[PDB]
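# Chains, contacts and geometry: an overview
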Amino acid sequence: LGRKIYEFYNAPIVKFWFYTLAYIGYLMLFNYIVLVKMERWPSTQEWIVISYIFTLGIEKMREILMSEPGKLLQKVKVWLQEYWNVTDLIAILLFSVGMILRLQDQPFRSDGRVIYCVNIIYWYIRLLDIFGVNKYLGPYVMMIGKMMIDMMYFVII
Amino acid sequence: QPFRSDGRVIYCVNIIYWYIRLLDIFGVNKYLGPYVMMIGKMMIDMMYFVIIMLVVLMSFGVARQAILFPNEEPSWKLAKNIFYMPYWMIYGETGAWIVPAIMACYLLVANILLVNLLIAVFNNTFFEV
Amino acid sequence: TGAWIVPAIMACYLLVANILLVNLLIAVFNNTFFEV
Amino acid sequence: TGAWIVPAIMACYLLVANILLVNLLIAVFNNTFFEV
Ligand SMILES: Cc1cc(NC(=O)[C@H](c2ccccc2)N2CCCc3ccccc32)no1
C-alpha cells in the first residue's frame, strides 16, 4: 500500500492535476486578499500567498542547478531560451518589490498593492502555457502567439 | 404567496426550454438539418471557449476592482462585480493615472482578442460540414 | 434566495445570445460569396 | 464659408476610417487560421 501511494503521486499525469488545483487556488486566494483590506502586517490569507512564491523561487533555482550543462555561465543562457521562462522571473521580482513597499507605511503601502495588481493580470496569461495540454488548447494558445505578432503589429498603421 | 411567485419563476425557466426543444422538430427541413446540428457542435465551442475567455475578461474584473474601490469589505457582492461590471464598462473609463491608461488600452487589445477568437473557431468548421 | 442572481444569469445568457445571433448572421454568407 | 462643413468632412472620413480599421483587423487572421 505504501508502494501504491508512492507510485501514484510520482506519475506526471497525476502531478498535473495535483498542482493545478494549487495553481487555481493561488489565483483565487490572491483575488481574495486584494479585496480584503490592507494593514501594517499581512493577514492569514496573505501570509499563505507570499510563501507560495518563496517556495516557488527555490524551485526555480533548482532548475538552474540541476540542469544539463555543467559550466555556470553555460547554465544561464539555456535556461533563458524559453519565451515563457524569461517573463516568469520578472513577475517574481515585481512581487518582491511589491512586498517591501507594502510592508512599509503609506503612501508606500498603496504603491506595493498596485504592483500586486499587475501581478494578477500576469498570472492569468501565465496559465496559457498550462492550457496547451488539451486537444483544442494546443492550437488555440499557440495562435495567441502569432496573433501577438499581429495585434501590437497592426498598430503601426 | 410567497410560494406562488416561486412556482411562477419555475414556469419562466420552462418557457426558455420549450423554444430550444423545438430545434429537434426544426431539422425536418432541407436547411434546418445542418443548421440545428451545427448548434450542437457550436455548443461544444461556446461554453468551451469560455475557459480562456474568463482568463482575459475576469482578470480585468479583479484588477480594476483593486485600483478603483480599494476599501471593500469581504463579501459576496464583490464577486458579483467580476462578471457583471466588465460587461457594463462599455461607456466606462509617480504615474498614478498611467496605470489606468495601460490597463484600459490592454483591455482594448483584450476585447478585440476575445471577439477575434470567437469568430475563429467557426471559420474552418463551417467548410467541411 | 438569489433574487438578483436570476437577472445575472439571463443577462450573461443574453451576452452569449447576441454574440450567437451576430456570428450566425455572418455565417450564412461566407461560403455563398465564394462559388458565386 | 463652410465653417461647419469641415467637421462634416472629417466626421464622414472618420466613418470610413473606423470601418477601415475594423475591416483591416478582421483581415489579418482570415488566411492565417486556414493553413494552421
Ligand atoms: C504560487 C504558484 C504559482 C504556481 N505555478 C506555476 O508558476 C507553474 C505551474 C502552473 C500550473 C500548474 C503547475 C505549475 N510552475 C510552478 C512550479 C515550477 C514549474 C515548472 C514548469 C512549469 C510550471 C511550473 N505554483 O505556485
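Structure determination for this entry is recorded as cryo-EM, at 6.74 Å resolution.

### Things to note about the overall build of chain C
Counting its secondary structure elements, chain C contains two helices and zero strands. Expressed along its principal axes, the backbone C-alpha trace of chain C runs to roughly 55 × 10 × 5 Å.

### Regarding the overall build of chain A
The secondary structure content of chain A amounts to seven helices and zero strands. Relative to a compact globule of 157 residues, whose C-alpha radius of gyration would be 15 Å, chain A shows 19 Å and is clearly more extended. In terms of principal-axis extent, the alpha carbons of chain A reach across some 60 × 45 × 40 Å.

### What to know about the arrangement of the chains
Where chain A comes nearest to chain C, the C-alpha atoms are still 19 Å apart, and the two do not contact one another. A gap remains between chain A and chain D, which never touch, and the nearest two C-alpha atoms on either side lie 7 Å apart.

### A few points about the environment of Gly132(A)
Residues and elements named next belong to chain A. Structurally, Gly132 can be placed in the loop between helix 6 (108-131) and helix 7 (137-151). Spatially, the C-alpha atoms of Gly132 and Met143 are 11 Å apart, while their sequence positions differ by eleven residues. Setting aside residues no more than four positions away along its own chain, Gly132 makes contact with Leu137 and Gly138.

### Describing the environment of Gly112(A)
Relative to the assigned elements, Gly112(A) resides in helix 6. Along the primary structure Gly112(A) and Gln45(A) are separated by 67 residues, whereas in three dimensions their C-alpha atoms are 17 Å apart.

### Remarks on the packing of helix 5 (residues 83-103) of chain A against helix 6 of chain A
Axis angle and axis distance: for two packed helices, these are the angle between their axes and the distance between the axes, and together they describe the pair. All names here are of chain A. Running from amino to carboxyl end, helix 5 crosses helix 6 at an angle of 155°, the nearest separation of the two axes being 6 Å. The orientation of helix 5 relative to helix 6 falls into the category roughly antiparallel. Helix 5 and helix 6 meet at a crossing whose hand is left-handed. Taken together, the residues of helix 6 that come into contact with helix 5 (itself represented by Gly98, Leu101 and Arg102) are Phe108, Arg109 and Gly112. Tallied by class, the residues present in the contact of helix 5 with helix 6 amount to two nonpolar, two polar and two charged.

### Describing unusual backbone geometry
Apart from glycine, the bulk of residues carry a negative phi angle, and the bulk of peptide bonds sit in the trans form. The amide bond that connects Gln106(A) to the next residue, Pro107(A), takes the cis arrangement and shows omega of 5°. Put simply, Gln1(B) and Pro2(B) share a cis peptide bond, and its omega is 5°. By secondary structure assignment, the location of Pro2(B) is in the segment before helix 1 (3-26). The phi torsion at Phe69(B) lies on the positive side, around 60°, for a residue other than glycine. Along the chain, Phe69(B) falls in the loop between helix 3 (50-67) and helix 4 (76-79).

How each quantity is defined
- Residues numbered from 1 in each chain as written, not as in the entry; some residues may be left out.
- Chains lettered and ligands numbered in written order.
- Part of a larger assembly, values for the part shown.
- Heavy atoms only, no water.
- Residues with missing side-chain atoms left out of burial classes, pairs and counts.
- Helix = DSSP H or I, 4+ residues; strand = E, 2+ residues; numbered from the N terminus.
- Rg over C-alpha atoms; globule rule 2.2 N^0.38 Å.
- Contact = heavy atoms within 4.5 Å.
- Axes fitted to C-alpha atoms, helices over the stretch in contact; angles between N-to-C directions.
- Parallel < 35°, antiparallel > 145°, perpendicular 65-115°, else oblique.
- Left-handed = near helix turned anticlockwise from the far one by under 90°.
- Nonpolar A, V, L, I, M, F, W, Y, C, P; charged D, E, K, R; others polar.

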